[PDB]
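Chains as they are written, first to last, in the entry's author numbering: chain P, 25 to 94; chain T, 7 to 463, 474 to 497; chain Q, 480 to 598; chain R, 7 to 463, 474 to 498. All C-beta atoms in this analysis are idealised placements derived from N, C-alpha and C, irrespective of residue type, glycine included. See structure below.
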Amino acid sequence: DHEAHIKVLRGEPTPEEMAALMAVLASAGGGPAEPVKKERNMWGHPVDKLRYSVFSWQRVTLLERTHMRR
Amino acid sequence: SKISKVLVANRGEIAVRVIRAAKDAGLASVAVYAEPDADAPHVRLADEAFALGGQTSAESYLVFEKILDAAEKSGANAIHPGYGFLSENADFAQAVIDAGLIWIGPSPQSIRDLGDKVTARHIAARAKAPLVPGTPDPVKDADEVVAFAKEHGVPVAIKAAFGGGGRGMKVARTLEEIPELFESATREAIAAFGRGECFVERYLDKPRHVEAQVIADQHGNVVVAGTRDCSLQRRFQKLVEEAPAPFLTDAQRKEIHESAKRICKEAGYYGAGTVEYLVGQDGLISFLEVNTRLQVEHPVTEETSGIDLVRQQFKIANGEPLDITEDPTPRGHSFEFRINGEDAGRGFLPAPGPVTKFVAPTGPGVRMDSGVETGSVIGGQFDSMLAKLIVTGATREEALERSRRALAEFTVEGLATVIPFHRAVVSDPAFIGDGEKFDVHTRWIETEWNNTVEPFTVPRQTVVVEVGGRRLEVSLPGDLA
Amino acid sequence: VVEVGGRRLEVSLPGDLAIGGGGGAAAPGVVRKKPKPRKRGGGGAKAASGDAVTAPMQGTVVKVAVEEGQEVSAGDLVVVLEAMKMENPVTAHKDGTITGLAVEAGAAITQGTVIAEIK
Amino acid sequence: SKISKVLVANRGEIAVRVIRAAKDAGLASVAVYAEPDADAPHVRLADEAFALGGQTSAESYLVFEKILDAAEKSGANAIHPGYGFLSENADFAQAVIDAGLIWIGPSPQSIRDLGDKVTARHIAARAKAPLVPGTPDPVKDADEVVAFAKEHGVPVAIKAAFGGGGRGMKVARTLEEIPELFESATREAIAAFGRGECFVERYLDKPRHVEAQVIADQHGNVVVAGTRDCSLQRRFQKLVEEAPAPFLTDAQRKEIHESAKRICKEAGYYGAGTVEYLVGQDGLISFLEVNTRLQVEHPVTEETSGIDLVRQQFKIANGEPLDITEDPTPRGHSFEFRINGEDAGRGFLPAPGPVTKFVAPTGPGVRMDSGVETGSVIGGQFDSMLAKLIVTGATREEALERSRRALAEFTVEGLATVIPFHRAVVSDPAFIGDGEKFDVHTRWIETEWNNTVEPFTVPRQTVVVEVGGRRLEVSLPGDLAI
Ligand SMILES: Nc1ncnc2c1ncn2[C@@H]1O[C@H](COP(=O)(O)OP(=O)(O)OP(=O)(O)O)[C@@H](O)[C@H]1O
Ligand SMILES: [Mg+2]
Numbered sequence: 025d026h027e028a029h030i031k032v033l034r035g036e037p038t039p040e041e042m043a044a045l046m047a048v049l050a051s052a053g054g055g056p057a058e059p060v061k062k063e064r065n066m067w068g069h070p071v072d073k074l075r076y077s078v079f080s081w082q083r084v085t086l087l088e089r090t091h092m093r094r
Numbered sequence: 007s008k009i010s011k012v013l014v015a016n017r018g019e020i021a022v023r024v025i026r027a028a029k030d031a032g033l034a035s036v037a038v039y040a041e042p043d044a045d046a047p048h049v050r051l052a053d054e055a056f057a058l059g060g061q062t063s064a065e066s067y068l069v070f071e072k073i074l075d076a077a078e079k080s081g082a083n084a085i086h087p088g089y090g091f092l093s094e095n096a097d098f099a100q101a102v103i104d105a106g107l108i109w110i111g112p113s114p115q116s117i118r119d120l121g122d123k124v125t126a127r128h129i130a131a132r133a134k135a136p137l138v139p140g141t142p143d144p145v146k147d148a149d150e151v152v153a154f155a156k157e158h159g160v161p162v163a164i165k166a167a168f169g170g171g172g173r174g175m176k177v178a179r180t181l182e183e184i185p186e187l188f189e190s191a192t193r194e195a196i197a198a199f200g201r202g203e204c205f206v207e208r209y210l211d212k213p214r215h216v217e218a219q220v221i222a223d224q225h226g227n228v229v230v231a232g233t234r235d236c237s238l239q240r241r242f243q244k245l246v247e248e249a250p251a252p253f254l255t256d257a258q259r260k261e262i263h264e265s266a267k268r269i270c271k272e273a274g275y276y277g278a279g280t281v282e283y284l285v286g287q288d289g290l291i292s293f294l295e296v297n298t299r300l301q302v303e304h305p306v307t308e309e310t311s312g313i314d315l316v317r318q319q320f321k322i323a324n325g326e327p328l329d330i331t332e333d334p335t336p337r338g339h340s341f342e343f344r345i346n347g348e349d350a351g352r353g354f355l356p357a358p359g360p361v362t363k364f365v366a367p368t369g370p371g372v373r374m375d376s377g378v379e380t381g382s383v384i385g386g387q388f389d390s391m392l393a394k395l396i397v398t399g400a401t402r403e404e405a406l407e408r409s410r411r412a413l414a415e416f417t418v419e420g421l422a423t424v425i426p427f428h429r430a431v432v433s434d435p436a437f438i439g440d441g442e443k444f445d446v447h448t449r450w451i452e453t454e455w456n457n458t459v460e461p462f463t474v475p476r477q478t479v480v481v482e483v484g485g486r487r488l489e490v491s492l493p494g495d496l497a
Numbered sequence: 480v481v482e483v484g485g486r487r488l489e490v491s492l493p494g495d496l497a498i499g500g501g502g503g504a505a506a507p508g509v510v511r512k513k514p515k516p517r518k519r520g521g522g523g524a525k526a527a528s529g530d531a532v533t534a535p536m537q538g539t540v541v542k543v544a545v546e547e548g549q550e551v552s553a554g555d556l557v558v559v560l561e562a563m564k565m566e567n568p569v570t571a572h573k574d575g576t577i578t579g580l581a582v583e584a585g586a587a588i589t590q591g592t593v594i595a596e597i598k
Numbered sequence: 007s008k009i010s011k012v013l014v015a016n017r018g019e020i021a022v023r024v025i026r027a028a029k030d031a032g033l034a035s036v037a038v039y040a041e042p043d044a045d046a047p048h049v050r051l052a053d054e055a056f057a058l059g060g061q062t063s064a065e066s067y068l069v070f071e072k073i074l075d076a077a078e079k080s081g082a083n084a085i086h087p088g089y090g091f092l093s094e095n096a097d098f099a100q101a102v103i104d105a106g107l108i109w110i111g112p113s114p115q116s117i118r119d120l121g122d123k124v125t126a127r128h129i130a131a132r133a134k135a136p137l138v139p140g141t142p143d144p145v146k147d148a149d150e151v152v153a154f155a156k157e158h159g160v161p162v163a164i165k166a167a168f169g170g171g172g173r174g175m176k177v178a179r180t181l182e183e184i185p186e187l188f189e190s191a192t193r194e195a196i197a198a199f200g201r202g203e204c205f206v207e208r209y210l211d212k213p214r215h216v217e218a219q220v221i222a223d224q225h226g227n228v229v230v231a232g233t234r235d236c237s238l239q240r241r242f243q244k245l246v247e248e249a250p251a252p253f254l255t256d257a258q259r260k261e262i263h264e265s266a267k268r269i270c271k272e273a274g275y276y277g278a279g280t281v282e283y284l285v286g287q288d289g290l291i292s293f294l295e296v297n298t299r300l301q302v303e304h305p306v307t308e309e310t311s312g313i314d315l316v317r318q319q320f321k322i323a324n325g326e327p328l329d330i331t332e333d334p335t336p337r338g339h340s341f342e343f344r345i346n347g348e349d350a351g352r353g354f355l356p357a358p359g360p361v362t363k364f365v366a367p368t369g370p371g372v373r374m375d376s377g378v379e380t381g382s383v384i385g386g387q388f389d390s391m392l393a394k395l396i397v398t399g400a401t402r403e404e405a406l407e408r409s410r411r412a413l414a415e416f417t418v419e420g421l422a423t424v425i426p427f428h429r430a431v432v433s434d435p436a437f438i439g440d441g442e443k444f445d446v447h448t449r450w451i452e453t454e455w456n457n458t459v460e461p462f463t474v475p476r477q478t479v480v481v482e483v484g485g486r487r488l489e490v491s492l493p494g495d496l497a498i
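As structure tokens, then:
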């Protein structure tokens, strides 16, 4: 077992007070942060708006990098 | 030294019945549940309840440790057997005594001597209780099976030593048939119980089941508190009870009680139990059991006799001398019905499903042991009954009309039930005797009854918390945001 | 710090805690694993795969037990480090010729300092 | 029954002292705290702690049923007050007895008998105390107060029949001023205590405050565990306290000792308690009061006599007979300096602030009992005390040498404290003993000492939740991210 658990570092609550603590913390706990269906959509990405000199190395290290990074 | 908090570990009706008994007595009460039962009527009635977990009974309720852990965590100083599961296993009587908890049941010896019904027969022969003589000991082997069947005469009954519930037992009509039944019995017994002990005895064509309740004291008082008859049966099971036992004369009742006194003294018996008989349609008594669970049939004795029998069990487990010491006179008559989850329109095939409706009868002369409630869910993963219907009156005639009305009232929807079978069999005349004899016998339903029924047409989450580093598993519904 | 019924509790919440269907744990696709101790591999050798003898902790070289060019064998005493006024022997890990003995009795020395090469 | 868990109905210096004594005795301990005190040391020191809520003592430590509810929720067998607050509330002790808990103190009536200062003088008369010849029941009117002074002779003090804390004490030096002083003191008694009742006494010009420290048994033993001199004072409040009482002859000491025993034996008192005494400028030994509790100054008695007086309190509340039966002998000399967030260089006004540094003194002959640490805060709603430095030696002179060290070793920053005054007074030939006398008196700080010291230059979340039959407020940091 290698999960990181909640620790009551001080105090010794009764099982009712444990239940109250858990129901509060569990309903306070954040919802679906970092959502599972964050689609990719590169339409109009800011890197395509920039002017690049025809020989600008940022055409490799910014533009192509940004399109191809997955 | 005395009962103070009672945990009853069984599913449904008996759990409610004995938690009700504790709630009446004012005892502290603790439940346990599997996953389908996490909101059952028993868990919501008890004063405390604890998860055993598991989806189906066999994953959980068999584990002695899973019970006794919940016992010591709740502080249940007393544990009740009920019926089924561990209620009659001496392993658990041992575990409860070694853990130092009150076994609300007969002693390890007193169960060991009666869990195998063979030992009850071996006592019965010595007690002179009316046998189905056969041989008291099992015969050695199929070579003797054919010889004894030829000697004593077929039909013969071939029975596993532990085949209770009507499914470890066979009957044969002719002397050529018996070795295949004896093999079938042995190999199915090995498949269900591992043990192979099997016995053979001469069959009875028209017996009738009867039993009498016995209560016995650590101070030595004994009472024969009532009688019941179980003649109406289907797929070889008890399904209707009639009480006090009808269509029996004093010449039967005499030995039904007095051999019970002898056989319980010969068993050294203390605590509660029953003695069970098969009486011929000709009224001739023969044996089946001396029985040590609280029989599910308890309601009709609970109403015909002045006892909350499990409250009396509390006093007996308390070691109090019995304050009931008279063989009583049972009032009138009463009927009781097991409200099974089977489709009587479909050959009584089992029928699971959601209990989208449940209404069970009330008022004078009628009682319910409701073990399920509206919106619950039923299936063969646990015991087969939704509930029990109970009926009483000054005599059969009044309790019969009360039964017909009660069963016409009793309504369940969302799954098939045996309630319409009860309505039909409470209408079928053979059950209504002439006053000296009555016509119903074993197989009578499955041979003469008029059928009329039409076919019907987030997960939990576990989180671990630590208190000073002591582990404490906690569980919540899978969402609470 | 939380009060429940007024009882004071001190509660430690993991950052990747997820209960009640919560997200956000390991947000960018973090991997977690047992971190490696801040020591060299330690199986069969540490520095001892090389020729250099190195001081195992800070101390004072109170005794030098060898001279430049001496042949030594594994287990032979090379120096004693006084640290905390405890005396700790630092000993040859291999056979060879003591070469470039860098220290003199009474020198202050630091963890990892090369004492000599057994070469 | 025996105690197993003690709730300390108090804060800071004395709550720390009691929680420590409980752990020494092997007793579990429950702290309580108000909104300003939720991070005070005692809250962390106790085995359990409970929020009282509210932001003042009146909203917090003074509500009887909150402390009883804390004892009910904790399962504490016993309640120990501190100084102040409910410690001398007879009817709170009654509420605790009606809850069936062990009140660590005198019985309600044994309190009530001394809580009234007129019945206190009646009891001193019964007990044959050394006493000032006058003993008015509360005076009718100014012309009786003038008649009192005309008979007993001026200087005369007018003193309220109830209250304390130096509040109800007024002194008349002449006959012609007294009538307005009577009416005003009656008004002060009504305003603070509601009772417009005052008595009158012959005042002693430049007196020296002395006390008996007493340990008293439910089974009728009494031990005078020590004697103290308390006379270095401001506004009639104690600031430096010394043991043993420096300069009494043994005739006077034995008179005080046996009088304190008599007073306890007559009141039926048991528990810890003190009897207050005064020696006049002319050497008139006389009674003053009895305090019905373990006084905050007990440590110098502990250090000279060698007794854990709080553990004695536990023994007595358990009902055990005293182990000591021969009164203990001082095995040294000691000084206790109260450290307060109050600027001696500016007339001892409260000057609260953050305790941005707190280097306590340590080493030989030093003890520190403290309610604050580096990063604490203080405010005018509480005592504005911070700590008590206790210094001890074989002799008065050696203990003064050790104090002249330890008070320089004591460093406190971020608020003003009396430390510069302590450093000055331990240097003063007025306060150094001229062999068999020293000049200080209960007016000495106000009237004789050279006070030259230059002056010093969010809300939390809440939820109300029911769990079965329990009602539980849950309260949490206001920004809990989780
Ligand atoms: N005449 C006096 N001489 C010396 N000290 C005095 C005098 N008058 C008041 N004091 C000081 O003020 C206190 C006066 O209040 P009192 O003795 O009645 O109660 P208390 O001990 O302060 O009570 P509590 O701790 O319950 O508030 C004395 O204890 C002493 O500290
Ligand atoms: Mg006083």
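(message) Among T478(T), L496(T) and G494(T), whose alpha-carbon lies nearest the alpha-carbon of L488(T)?
(response) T478(T)
(message) Can you tell me whether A55(R) is buried or exposed? The criterion is at least 16 other CB atoms within 10 Å of its CB, across all chains shown.
(response) buried
(request) With a threshold of 16 other CB atoms inside 10 Å of the CB of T331(T), please say whether the residue is buried or exposed. (result) exposed
(request) Could you tell me whether the Cβ of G484(R) comes closer than 8 Å to any Cβ of chain P? (result) yes
(message) Taking the alpha carbon of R173(R) as the reference point, which residue from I196(R), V162(R) and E157(R) has its own alpha carbon closest?
(response) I196(R)
(message) For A57(P) and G503(Q), I'd like the C-alpha separation in whole angstroms.
(response) Each residue's alpha carbon lies about 5 Å from the other.
(message) Would you say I594(Q) lies against chain T (beta-carbon separation less than 8 Å)?
(response) no
(message) On the DSSP letters alone, give me the boundaries of the beta strand (DSSP E) that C236(T) sits inside.
(response) No beta strand (DSSP E) holds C236(T); DSSP gives it neither H nor E.
(request) For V481(Q), go through chain R and note every residue whose CB falls closer than 9 Å to its CB, in chain order. (result) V490, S491, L492, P493 and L496
(request) Check whether the Cβ of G170(R) lies closer than 7 Å to any heavy atom of ligand 2, and answer yes or no. (result) yes
(message) Could you pull the DSSP bridge partners for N567(Q) from this structure?
(response) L560(Q)
(message) Could you compute how far the alpha carbon of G171(T) sits from the alpha carbon of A21(T)?
(response) 20 Å
(request) Find the residues of chain T that neighbour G500(Q), judging by a C-beta separation of less than 7 Å, and give them in chain order. (result) Here the neighbours are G494, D495 and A497.
(request) Measure from the alpha carbon of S10(T) to the alpha carbon of each residue in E19(T), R17(T), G32(T) and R23(T), then state which is nearest. (result) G32(T)
(request) Would you check whether ligand 1 has a heavy atom nearer than 7 Å to the C-beta of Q219(R)? (result) no
(request) Tell me whether the beta-carbon of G106(T) lies closer than 8 Å to the beta-carbon of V24(T). (result) no
(request) Give the range of the alpha helix (DSSP H) segment to which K267(R) is assigned. (result) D256 to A273
(request) State yes or no: is the beta carbon of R519(Q) nearer than 8 Å to at least one beta carbon in chain P? (result) no
(message) Could you check if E295(R) belongs to the surroundings of ligand 2, using beta carbon to heavy atom distance under 7 Å?
(response) yes
(message) Looking at the secondary structure, which residues open and close the beta strand (DSSP E) in which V424(T) lies?
(response) For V424(T), no beta strand (DSSP E) run applies, since DSSP gives it neither H nor E.
(request) Drop a sphere of 10 angstroms on the beta-carbon of residue 3(R), count the other beta-carbons inside from all chains shown, and report buried for 16 or more, exposed for fewer. (result) Because residue 3(R) is not part of the residues shown, which for chain R are 7 to 498, the question remains open.
(message) Please state the DSSP three-state secondary structure of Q224(R).
(response) coil
(request) Kindly examine ligand 2 and report whether one of its heavy atoms sits closer than 7 Å to the Cβ of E282(R). (result) yes
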